[PDB]
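**Q** Got a structure for you, questions after.
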Amino acid sequence: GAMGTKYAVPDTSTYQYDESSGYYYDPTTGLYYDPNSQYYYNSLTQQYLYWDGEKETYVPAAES
(Lines give C-alpha, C1' and ligand atoms only; values in the text may rest on other atoms or scores of the structure.)
Protein backbone atom coordinates (compact mmCIF):
# COMPACT_ATOMS: atom_id res chain seq x y z
CA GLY A 1 0.00 0.00 0.00
CA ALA A 2 0.95 3.64 0.65
CA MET A 3 2.06 4.26 -2.94
CA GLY A 4 -1.31 3.43 -4.45
CA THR A 5 -4.07 5.64 -3.10
CA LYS A 6 -7.08 4.39 -5.06
CA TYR A 7 -9.85 5.14 -2.60
CA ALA A 8 -9.15 7.82 -0.01
CA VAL A 9 -11.51 9.18 2.63
CA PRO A 10 -14.29 11.14 0.85
CA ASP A 11 -14.92 14.63 2.12
CA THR A 12 -18.49 15.76 1.67
CA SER A 13 -17.09 19.27 1.29
CA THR A 14 -16.26 18.40 -2.33
CA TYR A 15 -19.87 17.31 -2.86
CA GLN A 16 -22.72 19.13 -4.56
CA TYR A 17 -25.84 19.53 -2.44
CA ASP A 18 -28.84 18.92 -4.67
CA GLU A 19 -31.64 20.92 -3.08
CA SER A 20 -34.23 19.45 -5.40
CA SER A 21 -33.33 15.94 -4.28
CA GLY A 22 -32.28 16.73 -0.72
CA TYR A 23 -29.01 14.82 -1.01
CA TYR A 24 -25.35 15.69 -1.41
CA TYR A 25 -24.29 14.50 -4.85
CA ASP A 26 -21.04 12.56 -4.79
CA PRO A 27 -19.11 12.96 -8.06
CA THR A 28 -16.22 11.15 -6.37
CA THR A 29 -17.84 7.73 -6.55
CA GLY A 30 -21.28 8.44 -7.95
CA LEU A 31 -23.48 8.22 -4.89
CA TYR A 32 -25.87 10.34 -2.87
CA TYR A 33 -24.89 11.45 0.61
CA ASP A 34 -27.77 11.77 3.08
CA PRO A 35 -27.01 14.78 5.33
CA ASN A 36 -29.40 13.50 7.97
CA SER A 37 -28.42 9.86 8.26
CA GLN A 38 -24.85 10.55 7.12
CA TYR A 39 -24.93 7.52 4.84
CA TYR A 40 -24.37 7.03 1.13
CA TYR A 41 -27.23 6.11 -1.14
CA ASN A 42 -26.72 3.98 -4.21
CA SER A 43 -29.21 5.35 -6.73
CA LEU A 44 -28.98 2.19 -8.84
CA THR A 45 -29.46 -0.50 -6.20
CA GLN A 46 -31.37 1.81 -3.85
CA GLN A 47 -29.13 0.67 -0.99
CA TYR A 48 -27.31 2.50 1.78
CA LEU A 49 -23.57 2.41 2.34
CA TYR A 50 -20.88 3.88 4.57
CA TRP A 51 -17.16 4.48 4.15
CA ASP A 52 -14.79 2.23 6.08
CA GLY A 53 -11.33 3.73 6.48
CA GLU A 54 -9.61 0.38 6.83
CA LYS A 55 -11.18 -1.57 3.97
CA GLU A 56 -11.12 1.56 1.81
CA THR A 57 -14.56 0.72 0.46
CA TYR A 58 -18.28 1.37 0.91
CA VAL A 59 -20.03 -1.26 3.01
CA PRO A 60 -23.83 -1.66 3.35
CA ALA A 61 -24.96 0.44 6.30
CA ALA A 62 -28.00 -1.78 6.81
CA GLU A 63 -26.17 -4.43 8.82
CA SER A 64 -28.01 -7.52 7.66
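Residue names in the C-alpha coordinates use chain letters A, B, ... in the order shown, residue numbers from 1 in each chain, and ligand numbers from 1 in the order shown.
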Any idea what's packed within 12 Å of residue A:40, counting only C-alpha atoms, ignoring anything in its chain fewer than 6 positions away? Could you give it as a list in words?
**A** residues 10, 12, 15, 23, 24, 25, 26, 28, 29, 30, 31, 32, 33, 34, 46, 47, 48, 49, 50, 51, 52, 57, 58, 59, 60, 61 and 62 of chain A
**Q** Interatomic distance between atom CA of residue A:20 and atom CA of residue A:35?
**A** 13.8 Å
**Q** Mind giving me the straight-line distance from atom CA of residue A:53 to atom CA of residue A:39 in Å, one decimal?
**A** 14.2 Å
**Q** Record the distance separating atom CA of residue A:45 and atom CA of residue A:17, expressed in Å with one decimal.
**A**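 Those two atoms sit 20.7 Å apart.
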**Q** Residues of chain A classed as strand (DSSP E) by DSSP on the backbone are to be reported as an mmCIF file with N, CA, C and O atoms, in the first residue's frame.
**A**
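The result, written out as out-v3.cif:
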data_model
loop_
_atom_site.group_PDB
_atom_site.id
_atom_site.type_symbol
_atom_site.label_atom_id
_atom_site.label_comp_id
_atom_site.auth_asym_id
_atom_site.auth_seq_id
_atom_site.Cartn_x
_atom_site.Cartn_y
_atom_site.Cartn_z
ATOM 1 N N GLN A 16 -21.797 18.130 -4.043
ATOM 2 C CA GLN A 16 -22.717 19.126 -4.564
ATOM 3 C C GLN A 16 -24.109 18.884 -4.001
ATOM 4 O O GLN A 16 -24.795 17.953 -4.419
ATOM 5 N N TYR A 17 -24.520 19.696 -3.039
ATOM 6 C CA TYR A 17 -25.836 19.528 -2.443
ATOM 7 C C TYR A 17 -26.929 19.806 -3.469
ATOM 8 O O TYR A 17 -27.043 20.915 -3.992
ATOM 9 N N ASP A 18 -27.720 18.789 -3.754
ATOM 10 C CA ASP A 18 -28.840 18.920 -4.665
ATOM 11 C C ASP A 18 -30.090 19.230 -3.863
ATOM 12 O O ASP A 18 -30.633 18.354 -3.193
ATOM 13 N N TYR A 23 -30.209 15.614 -1.261
ATOM 14 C CA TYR A 23 -29.013 14.822 -1.005
ATOM 15 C C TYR A 23 -27.769 15.557 -1.479
ATOM 16 O O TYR A 23 -27.846 16.436 -2.335
ATOM 17 N N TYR A 24 -26.627 15.197 -0.920
ATOM 18 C CA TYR A 24 -25.351 15.689 -1.413
ATOM 19 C C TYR A 24 -24.859 14.778 -2.523
ATOM 20 O O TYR A 24 -24.594 13.605 -2.292
ATOM 21 N N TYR A 25 -24.743 15.305 -3.727
ATOM 22 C CA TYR A 25 -24.293 14.503 -4.848
ATOM 23 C C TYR A 25 -22.799 14.251 -4.749
ATOM 24 O O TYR A 25 -22.010 15.186 -4.578
ATOM 25 N N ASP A 26 -22.429 12.984 -4.843
ATOM 26 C CA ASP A 26 -21.043 12.561 -4.786
ATOM 27 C C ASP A 26 -20.520 12.241 -6.179
ATOM 28 O O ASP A 26 -20.790 11.169 -6.718
ATOM 29 N N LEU A 31 -22.459 8.573 -5.871
ATOM 30 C CA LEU A 31 -23.479 8.219 -4.890
ATOM 31 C C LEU A 31 -24.183 9.461 -4.368
ATOM 32 O O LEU A 31 -23.843 10.586 -4.734
ATOM 33 N N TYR A 32 -25.177 9.248 -3.522
ATOM 34 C CA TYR A 32 -25.866 10.344 -2.867
ATOM 35 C C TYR A 32 -25.633 10.292 -1.366
ATOM 36 O O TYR A 32 -25.886 9.284 -0.728
ATOM 37 N N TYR A 33 -25.149 11.379 -0.811
ATOM 38 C CA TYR A 33 -24.894 11.454 0.613
ATOM 39 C C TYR A 33 -26.097 12.047 1.333
ATOM 40 O O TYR A 33 -26.518 13.167 1.037
ATOM 41 N N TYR A 40 -24.382 6.907 2.578
ATOM 42 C CA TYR A 40 -24.368 7.028 1.135
ATOM 43 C C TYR A 40 -25.479 6.194 0.525
ATOM 44 O O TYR A 40 -25.759 5.086 0.975
ATOM 45 N N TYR A 41 -26.108 6.742 -0.491
ATOM 46 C CA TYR A 41 -27.232 6.114 -1.138
ATOM 47 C C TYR A 41 -26.872 5.748 -2.564
ATOM 48 O O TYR A 41 -26.503 6.607 -3.366
ATOM 49 N N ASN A 42 -26.954 4.470 -2.861
ATOM 50 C CA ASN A 42 -26.723 3.984 -4.206
ATOM 51 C C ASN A 42 -28.006 4.138 -5.005
ATOM 52 O O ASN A 42 -28.995 3.471 -4.722
ATOM 53 N N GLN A 47 -29.662 1.149 -2.263
ATOM 54 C CA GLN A 47 -29.134 0.671 -0.993
ATOM 55 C C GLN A 47 -28.347 1.769 -0.286
ATOM 56 O O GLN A 47 -28.009 2.791 -0.888
ATOM 57 N N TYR A 48 -28.051 1.545 0.985
ATOM 58 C CA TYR A 48 -27.305 2.504 1.781
ATOM 59 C C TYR A 48 -25.949 1.947 2.166
ATOM 60 O O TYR A 48 -25.816 0.767 2.498
ATOM 61 N N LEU A 49 -24.954 2.809 2.132
ATOM 62 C CA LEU A 49 -23.573 2.412 2.344
ATOM 63 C C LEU A 49 -22.870 3.398 3.265
ATOM 64 O O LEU A 49 -23.368 4.497 3.505
ATOM 65 N N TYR A 50 -21.722 2.998 3.778
ATOM 66 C CA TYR A 50 -20.883 3.883 4.570
ATOM 67 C C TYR A 50 -19.424 3.625 4.219
ATOM 68 O O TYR A 50 -19.082 2.547 3.725
ATOM 69 N N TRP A 51 -18.576 4.608 4.459
ATOM 70 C CA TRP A 51 -17.161 4.481 4.155
ATOM 71 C C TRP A 51 -16.399 3.891 5.336
ATOM 72 O O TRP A 51 -16.484 4.393 6.459
ATOM 73 N N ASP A 52 -15.672 2.813 5.080
ATOM 74 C CA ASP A 52 -14.789 2.233 6.083
ATOM 75 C C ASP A 52 -13.348 2.595 5.758
ATOM 76 O O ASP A 52 -12.865 2.315 4.657
ATOM 77 N N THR A 57 -13.426 1.064 1.298
ATOM 78 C CA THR A 57 -14.560 0.715 0.459
ATOM 79 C C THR A 57 -15.871 1.116 1.136
ATOM 80 O O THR A 57 -15.885 1.488 2.314
ATOM 81 N N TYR A 58 -16.963 1.047 0.384
ATOM 82 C CA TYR A 58 -18.282 1.367 0.909
ATOM 83 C C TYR A 58 -19.026 0.084 1.257
ATOM 84 O O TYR A 58 -19.284 -0.754 0.388
ATOM 85 N N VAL A 59 -19.363 -0.063 2.525
ATOM 86 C CA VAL A 59 -20.034 -1.259 3.010
ATOM 87 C C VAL A 59 -21.488 -0.918 3.307
ATOM 88 O O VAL A 59 -21.786 0.205 3.708
ATOM 89 N N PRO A 60 -22.412 -1.859 3.068
ATOM 90 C CA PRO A 60 -23.832 -1.659 3.352
ATOM 91 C C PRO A 60 -24.076 -1.260 4.802
ATOM 92 O O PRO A 60 -23.713 -1.989 5.730
#
**Q** Could you check which of A:1, A:55, A:8, A:21 is closest to residue A:43, using only C-alpha atoms?
**A**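 For residue A:43, the nearest of the candidates is A:21.
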